[PDB]
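Novice: My questions will all concern the structure given below.
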Amino acid sequence: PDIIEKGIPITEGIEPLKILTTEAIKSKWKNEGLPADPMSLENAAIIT
Amino acid sequence: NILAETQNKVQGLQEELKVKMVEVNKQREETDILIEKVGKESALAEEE
Amino acid sequence: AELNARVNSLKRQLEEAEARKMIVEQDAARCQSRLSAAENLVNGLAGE
Amino acid sequence: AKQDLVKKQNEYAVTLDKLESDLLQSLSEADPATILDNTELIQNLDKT
């Protein structure tokens with residue numbers, strides 16, 4: 001919300017999942033015992 | 001910047017090619033009509 | 001004999017005029033095929 | 001279907017990226033007299 005007010009030119013609808021890591025690399029992690037819950041993908045995007 | 005240059009060369013080689021093709025068609029169409037007129041005249045002279 | 005010679009000369013001129021037409025027609029058909037191939041390349045490079 | 005689509009979305013992106021580079025080298029290398037009736041350039045524009 002505070003970024004929309006400041007008018008910093010954010011891409012409309014971005015969330016940390018999509019903006020940090022791609023869709024190909026999420027599908028790689030599905031194969032290495034990362035469950036599809038937001039919290040584990042989020043955590044996994046962070047360690048990277 | 002490469003496309004724009006090649007496209008401009010092509011378009012010109014397109015336009016000059018089309019202009020020649022149109023001129024040749026018109027010249028063809030004229031020489032047909034004259035050949036047909038001479039063909040009628042020749043048939044009349046053949047009958048005489 | 002004069003009329004027969006005139007008829008033969010006219011018939012030759014027509015066969016020549018017909019042959020020249022067929023060459024102008026085939027040259028026109030090639031020049032139209034180039035014009036279309038150029039229009040394909042305009043649509044090609046313009047689209048890109 | 002989603003996982004087959006994601007591999008195809010990734011696959012097609014690489015083939016288009018390859019075709020993109022094969023337009024830049026092909027146009028620049030070929031001469032303006034060859035470009036008009038060149039077979040490889042007509043094929044790439046159809047595929048792209």
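By convention here, the chains of the structure tokens are called A, B, ... in the order presented, each chain's residues are numbered starting at 1, and ligands are numbered starting at 1 in the order presented.
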Quick one: everything within 10 Å of range 12-14 of chain C, counting only C-alpha atoms, minus sequence neighbours fewer than 3 positions away in the same chain. Send it as a VMD selection string.
Specialist: (chain B and resid 34 to 36 38 to 39 42) or (chain C and resid 6 to 9 17 to 20)
Novice: Find the residues of chain C that sit at most 7 Å from chain B; for each, write down the nearest two atoms and how far apart they are in Å, to one decimal. Count only C-alpha atoms. Sort by chain, then by number going up, and give it as CSV.
Specialist:
```
residue,atom,partner,partner_atom,distance
C:7,CA,B:46,CA,6.0
C:10,CA,B:42,CA,6.2
C:14,CA,B:35,CA,6.2
C:17,CA,B:35,CA,6.2
C:21,CA,B:28,CA,6.0
C:24,CA,B:28,CA,6.1
C:25,CA,B:28,CA,6.8
C:28,CA,B:21,CA,5.3
C:31,CA,B:21,CA,5.1
C:32,CA,B:21,CA,5.9
C:34,CA,B:17,CA,6.9
C:35,CA,B:18,CA,5.2
C:38,CA,B:14,CA,4.9
C:39,CA,B:14,CA,6.9
C:42,CA,B:11,CA,6.4
C:45,CA,B:7,CA,6.0
```
Novice: Considering only C-alpha atoms, return as a PyMOL selection string whatever protein or nucleic-acid residues lie within 10 Å of residue 37 in chain C, sequence-local ones (same chain, fewer than 6 positions apart) excluded.
Specialist: (chain B and resi 14) or (chain C and resi 31+43-44) or (chain D and resi 36-37+42)
Novice: Which distance in Å separates CA of residue 17 in chain D and CA of residue 30 in chain A, to one decimal?
Specialist: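 Pair CA of residue 17 in chain D / CA of residue 30 in chain A returns 26.8 Å.
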Novice: Could the residues of chain D within 12 Å of chain A, counting only C-alpha atoms, be given as a PyMOL selection string, please?
Specialist: chain D and resi 2-11
Novice: Write down, as a list in words, each residue of chain D that has any atom within 9 Å of an atom of chain B, counting only C-alpha atoms.
Specialist: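 Taken together, these residues fit the definition: residues 24, 27, 28, 32, 35 and 36 of chain D.
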Novice: How many Å separate CA of residue 18 in chain A from CA of residue 40 in chain A?
Specialist: 13.9 Å
Novice: Mind checking which residues fall within 8 Å of range 43-45 of chain D, counting only C-alpha atoms, ignoring those fewer than 3 positions away in the same chain, and posting them as a ChimeraX atom specification?
Specialist: /C:44-45 /D:19,23,39-40,48
